[PDB]
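Counting from 18, one number per residue, gives the positions in the sequence shown under PDB author numbering.
The block underneath contains the structure these notes are about, expressed in structure tokens.
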Amino acid sequence: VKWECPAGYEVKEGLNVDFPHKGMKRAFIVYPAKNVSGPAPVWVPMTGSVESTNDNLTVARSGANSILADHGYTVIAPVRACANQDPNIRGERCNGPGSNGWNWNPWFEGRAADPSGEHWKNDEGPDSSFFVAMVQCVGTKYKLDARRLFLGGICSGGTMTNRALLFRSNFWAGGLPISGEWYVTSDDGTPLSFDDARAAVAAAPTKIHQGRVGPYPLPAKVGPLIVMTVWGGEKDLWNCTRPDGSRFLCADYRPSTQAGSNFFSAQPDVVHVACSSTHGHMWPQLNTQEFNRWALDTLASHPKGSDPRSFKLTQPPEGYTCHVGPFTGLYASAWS
């Protein structure tokens, strides 16, 4: 990691706007760590399709992620490009299909199913690179621990966490993709419909599946990481909204959390923790702050470059079941 900012950019505590990156003007909010001397671990929380960044940071039911600063983490929270730097935008002009080859508009988190997405098969996209520039700039003002830079998020922010970990595994120390997509494809990269992607994982639940969330093909080896993937149970599903207001199922997080866990668990320098809860498709609801504390401290216990054999999982809060390895309670096993 290199600490540097766009020339003349003056980072500040709180809201930062007009940060220049790849021709766009971006914004992000900084909450410096409390009760910490020396470099602090970093948490980069990302909202989803409808909650605002302010909701994700300050509303309890949305995770109140800014409270992690009171827990000793410097929180650096990006605003979605579609929100035009307004951290209060919720779903307006954000909650819907993407443009310019992107699948979904909240974040540049997956290539589209049509040929316009081809270019994103091997270019991380402007959000993955923005986050790296953002953290590198904040680190010129606040002391950040370069071995403990973590990002994470819910829904589309979870999908973005997955993309960022696959393209920038030599920067981040790990992440927390909560109910994010994988956009499972065939091995040859062919995009699959929601239905066909869902069936592919059910038919081969322990295999590594390619997906539009990441590089095509997925990398043979990624940098050292700890990744904690969270599934919200039977109701962890998303219904899209048509132009006419009607709703329809368009994402099921059982196959995407399984697929992510298969890929990350197979990686030799990655500790993968699979966590299950029953809250559905939203920020973890049972003992929310206890979960945020447990999850970030778990990630922080595996600083970048740590030996996976040295990792020791502690019990999560009531309402969660977690273990090291791929998910196992989502599909019936072969031997069964």
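Every residue gets a Cβ at the ideal spot worked out from N, C-alpha and C, and that includes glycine.
Q. Cβ atoms of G249 and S294: under 8 Å apart, would you say?
A. Translated into positions along the sequence shown, residue 294 becomes position 277. Translated into positions along the sequence shown, residue 249 becomes position 232. Yes, these two residues count as a Cβ contact at 8 Å.
(Q) Based on DSSP bridge pairs, tell me the residues matched to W60. (A) The residue you call residue 60 lines up with position 43 of the sequence shown. DSSP lists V92, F167 as partners of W60.
Q: Ignore the nearest five residues each way along the sequence and tell me which others in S79's own chain have a CB closer than 7 Å to its CB.
A: Along the sequence shown, read from residue 1 onward, the residue named residue 79 stands at position 62. Excluding positions up to five away in sequence, the list reads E68, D72, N73, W300.
Q.
If I measure Cβ to Cβ from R310 and keep anything under 6 Å in the same chain, skipping five residues before and after, which residues do I get?
A. What you label residue 310 is simply residue 293 of the sequence shown in a count that begins at 1. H88, listed in sequence order.
Q. So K329 and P241 are in contact, right, with Cβ under 8 Å, and what is the actual spacing, rounded?
A. Indexing the sequence shown from 1 puts residue 329 at position 312. Indexing the sequence shown from 1 puts residue 241 at position 224. That belief does not hold up - the Cβ atoms of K329 and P241 are roughly 17 Å apart, past 8 Å.
Q | For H289 and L193, the rounded distance between their alpha carbons | A | As a working mapping, residue 193 is identified with position 176 in the sequence shown. As a working mapping, residue 289 is identified with position 272 in the sequence shown. So the alpha carbons of these two residues sit roughly 10 Å apart.
Q) Hey, how far is the Cα of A57 from the Cα of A351? A) Counted from its first residue, the sequence shown places residue 57 at position 40. Counted from its first residue, the sequence shown places residue 351 at position 334. Taking the straight line from one Cα to the other gives about 44 Å.
Q) Shortest alpha-carbon distance to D253 belongs to which of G169, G127, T274? A) Position 236 of the sequence shown, counting from 1, holds the residue named residue 253. Ranking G169, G127, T274 by Cα distance to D253 puts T274 first.
Q) Which of the three DSSP states, helix, strand or coil, is assigned to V28? A) Translated into the one-based positions of the sequence shown, residue 28 becomes position 11. Three-state DSSP puts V28 in coil, outside helix and strand.
Q.
Let's see if you can read the secondary structure: which residues bound the alpha helix (DSSP H) around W311?
A. The residue you call residue 311 lines up with position 294 of the sequence shown. Unbroken alpha helix (DSSP H) run through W311: 305 to 317.
Q) Start and end of the alpha helix (DSSP H) containing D324? A) Locating residue 324 in the sequence shown gives position 307, where the first residue counts as 1. Taken as a continuous stretch (DSSP letters only), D324 belongs to no alpha helix (DSSP H), as it is neither H nor E.
Q. Between the segment 220 to 236 and the segment 195 to 208, do three or more beta carbon pairs fall short of 8 Å?
A. yes
Q | Burial state of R259 (16 or more Cβ within 10 Å) | A | Working through the sequence shown from its first residue, we reach residue 259 at position 242. With fewer than 16 Cβ atoms within 10 Å of its Cβ, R259 is classed as exposed.
Q: Rounded to whole angstroms, what's the CA-CA distance from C99 to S353? Just pull it up for me.
A: Position 82 of the sequence shown, counted from the first residue, corresponds to residue 99. Position 336 of the sequence shown, counted from the first residue, corresponds to residue 353. Each residue's Cα considered, the two are about 46 Å apart.
Q | Buried versus exposed, by CB contacts within 10 Å (16 or more), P333 | A | By one-based count along the sequence shown, residue 333 stands at place 316. Buried.
Q) Ends of the alpha helix (DSSP H) at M151? A) Indexing the sequence shown from 1 puts residue 151 at position 134. Its alpha helix (DSSP H) spans residues 143 to 155.
**Q.** Beta-ladder partner(s) of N33, from DSSP
**A.** In the sequence shown, the residue the question calls residue 33 occupies position 16. In the DSSP output, where bridge partners are listed per residue, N33 has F45.
Q. What number of angstroms, rounded off, separates the C-alpha of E21 from the C-alpha of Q153?
A. The residue labelled residue 21 in the question sits at position 4 within the sequence shown. The residue labelled residue 153 in the question sits at position 136 within the sequence shown. Rounded to whole angstroms, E21 to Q153 spans 6 Å at the Cα level.
Q: With DSSP as the reference, please indicate the residues paired to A268 in a beta bridge.
A: For the purposes of this step, residue 268 is taken as residue 251 along the sequence shown, with counting starting at 1. In the DSSP output, where bridge partners are listed per residue, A268 has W255.
Q: Report the residue from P272, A94, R215 whose alpha carbon sits nearest the alpha carbon of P104.
A: Here residue 104 is taken as the residue at index 87 of the sequence shown, counted from 1. Per the Cα distances, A94.
(Q) What does the alpha-carbon distance come out to for the pair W124 and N179? (A) Here residue 124 is taken as the residue at index 107 of the sequence shown, counted from 1. Here residue 179 is taken as the residue at index 162 of the sequence shown, counted from 1. So the alpha carbons of these two residues sit roughly 12 Å apart.
**Q.** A163 versus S186: straight-line alpha-carbon distance, rounded
**A.** To locate residue 163, count along the sequence shown from 1; it is residue 146. To locate residue 186, count along the sequence shown from 1; it is residue 169. Taking the straight line joining both Cα atoms gives about 13 Å.
Q) Quick one: what does DSSP say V218 is sitting in, helix, strand or coil? A) One-based indexing of the sequence shown puts residue 218 at position 201. Correct three-state label for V218: helix.
Q) Taking the alpha helix (DSSP H) that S173 falls in, what are its first and last residues? A) By 1-based counting over the sequence shown, the position of residue 173 is 156. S173 -> alpha helix (DSSP H) spans 173 to 184.
Q. Just the Cα atoms here: how many angstroms apart are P234 and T305?
A. Numbered from 1 along the sequence shown, position 217 holds the residue referred to as residue 234. Numbered from 1 along the sequence shown, position 288 holds the residue referred to as residue 305. Going from the Cα of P234 to the Cα of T305 covers about 36 Å.
Q: Report buried or exposed for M177, applying the criterion of at least 16 other Cβ atoms within 10 angstroms of its Cβ.
A: Taking the first residue of the sequence shown as 1, we reach residue 177 at position 160. Label assigned to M177: buried.
Q. Roughly how many angstroms lie between the CA atoms of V247 and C292, to the nearest whole one?
A. Start at 1 with the first residue of the sequence shown, and residue 247 comes out as number 230. Start at 1 with the first residue of the sequence shown, and residue 292 comes out as number 275. C-alpha separation (whole angstroms): 5 Å.
(Q) Restricting to runs no shorter than 4 residues, where is the alpha helix (DSSP H) found entirely within the segment 70 to 138? (A) 70 to 75
Q | N- and C-terminal bounds of the beta strand (DSSP E) containing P334 | A | As a working mapping, residue 334 is identified with position 317 in the sequence shown. Premise fails: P334 is in no beta strand (DSSP E) and is neither H nor E.
Q) In terms of alpha-carbon separation, which member of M151, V96, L266, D286 lies closest to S327? A) For the purposes of this step, residue 327 is taken as the residue at position 310 of the sequence shown. It is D286.
Q | Among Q102, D140, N139, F147, the one whose alpha carbon lies nearest that of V34 | A | Counting from one through the sequence shown, the residue named residue 34 turns up at place 17. Comparing Cα positions, the closest option is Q102.
Q. Apart from the five residues just before and just after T157, which ones in its own chain have a Cβ nearer than 8 Å to its Cβ?
A. Locating residue 157 in the sequence shown gives position 140, counting from the first residue. Excluding residues within five positions, the ones whose Cβ falls inside 8 Å are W20, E21, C22, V28.
(Q) For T64, which residues in the same chain have their Cβ closer than 6 Å to its Cβ, ignoring the five residues on either side in sequence? (A) In the sequence shown, the residue the question calls residue 64 occupies position 47. Hits under 6 Å: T70, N73, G174.
Q) Looking at the structure shown, is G192 part of a helix, part of a strand, or coil, going by DSSP? A) Residue 192 sits at position 175 when you count from the first residue of the sequence shown. Looking at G192 - three-state DSSP - the assignment turns out to be strand.
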